[PDB]
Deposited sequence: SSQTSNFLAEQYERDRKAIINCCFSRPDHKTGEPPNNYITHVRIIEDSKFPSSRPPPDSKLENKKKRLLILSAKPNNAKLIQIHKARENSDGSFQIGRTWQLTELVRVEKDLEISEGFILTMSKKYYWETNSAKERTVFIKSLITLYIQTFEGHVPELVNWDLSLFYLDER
């Protein structure tokens, strides 16, 4: 539950850095939804990294999901990092609509791949965290559809339940 305190800490900093005041363009900010810590391997950013990847390759980053202030159905994905001075900054943005595939790595419990125009391989810090972020990403995606339209989605799901 060190996890939960870290999450709340990150959340506050993130909203403060990036989803709270007009930016400076002087455009309003997006509304924050959720985030997750990830590890990115700069030499293997699109596929499973060799077991022997130099610790120097491993970057600490964050994925963040948010929505347009005037559009609750226009969601964005961001990649961000925490700088040494504690500030936060976003380095990449995608529209959710660019997402075409989400897959868990069968061999690495924290590994997953997001596919937009290219593939993005990332790892979470734990198996549980992978489950949570992916659930968040996919349910949010589903919620952006306008009413009943399941013809366009495909999944390997066989069990769904409430705890």
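Residues of the deposited sequence lacking C-alpha coordinates, numbered from 1, fall in the stretches 1 to 5, 30, 170 to 171.
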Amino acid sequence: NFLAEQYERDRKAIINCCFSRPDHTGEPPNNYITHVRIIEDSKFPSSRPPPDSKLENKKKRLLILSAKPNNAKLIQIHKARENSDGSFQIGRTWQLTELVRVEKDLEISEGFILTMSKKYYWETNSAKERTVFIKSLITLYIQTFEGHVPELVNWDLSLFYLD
From here on, numbers count along this sequence of modelled residues.
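Higher mean CA temperature factor, per the PDB entry, when comparing 133 to 141 with 39 to 47: 39 to 47. Of the two stretches examined, 153 to 161 and 3 to 11, the record assigns the greater average C-alpha temperature factor to 3 to 11. The PDB entry assigns the greatest CA B-factor among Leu65, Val100, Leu55, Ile108 to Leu55.
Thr34 sits in the lowest third of its chain by CA B factor, as recorded in the PDB entry. Annotation for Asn125: CA B-factor lies in the middle third of the chain's modelled residues. Compared with the other modelled residues of the chain, the Cα B-factor recorded for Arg61 ranks in the lowest third. Annotation for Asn70: CA B-factor lies in the highest third of the chain's modelled residues. When all modelled residues of the chain are sorted by CA temperature factor, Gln76 is found within the lowest third.
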